[PDB]
Each structure stands twice: as C-alpha cells, then as structure tokens.
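Scroll down for the structure; my scribbles are underneath it.
FYI, it's all coordinate maths here, none of it is from the lab. We place every Cβ from the backbone using ideal geometry, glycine too, and count neighbours over all the protein chains shown.
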Amino acid sequence: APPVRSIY
Amino acid sequence: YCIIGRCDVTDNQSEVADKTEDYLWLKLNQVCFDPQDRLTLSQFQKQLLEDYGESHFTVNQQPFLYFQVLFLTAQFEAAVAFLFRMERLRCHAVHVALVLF
C-alpha cells in the first residue's frame, strides 16, 4: 500500500 | 530497526514513510541479494509496476512521480516509454533515452 503523494 | 535489518518488507512503515520517495527509499534499504521476509530488486521492480501500474501512480495527475518510481528502480525503458507518451514531455523522454543510448 504505497502512497501516491509526491514529496512537495 | 527494519531499515538496519532489512526486515518486515511487507510493512511499509506508513506511520513515518507517508510520501512516495519515503517509500522508495524505505524499500531500496530493504532489498536483498541471494527465502522468507525477503525482497529483491527484481521482485520489487516488477511488483511495483505490474500490480500498481501507472494507474496507481498517476491518479494525482502528476507524471514525474511515476517516472521517478521507474527510473530509480533501474526500469529505464519503462520510464522512457511512459514519459514519452505525455505529449508535453516528449522532448524530455527522447533525450533521457539518448543519454541511456
């Protein structure tokens, strides 16, 4: 369950 | 502990690794080379795009996120073709292909 929120 | 011991590969430690780069980094510190609780680059690289393809990593309509996932896992051809389809990033995908060429 890896996140899809890019480091911003 | 399991970054030092490369254990509990299934547990994504989502409490601390909430970003995508934190996941990649969490796993590349867990990959192994030559049977239980063990992950290798081949499994990880295939496991990522086969099960969680573009669809999973492009729902936020952010293309580079998926590209970084493929490129930082040595899957350069996938990342090149993928990024070559974005009509706004054709230029960039051709050249990253030339460099690899």
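Structure data summary
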| item | result |
| --- | --- |
| Inter-probe distance in nm under a simple model that places probes 7 Å from Cα toward Cβ, at B:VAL59 and B:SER42 | 3.1 nm |
| Size of charge dipole - chain B - debye, nearest 20, with Cβ of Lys, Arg +1 and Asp, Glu -1, no other charges | 400 debye |
| Convex hull per residue volume in Å³, alpha carbons only, for the protein assembly as shown | 117 Å³ |
| Selected from B:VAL96, B:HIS56, B:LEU41, residue furthest toward positive end of dipole (chain B; charges at beta carbon) | B:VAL96 |
| Largest-first principal axis extents of the Cα set of region B:13-101 (Å) | 42, 29, 19 |
| Vicinal HN-Hα couplings computed from phi for region B:9-15 (Karplus, 6.51 cos²θ - 1.76 cosθ + 1.60; Hz; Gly/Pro x) | 4, 6, 6, 7, 6, 4, 5 |
| Per-residue ³J(HN,Hα) for region B:69-85, Karplus 6.51 cos²θ - 1.76 cosθ + 1.60, θ = phi - 60°, Hz, x for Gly and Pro | 5, 6, 6, 6, 10, 6, 8, 6, 5, 4, 4, 6, 4, 3, 5, 6, 7 |
| Given charges at beta-carbon only (K, R positive; D, E negative), |dipole| of region B:25-77 in Debye | 140 debye |
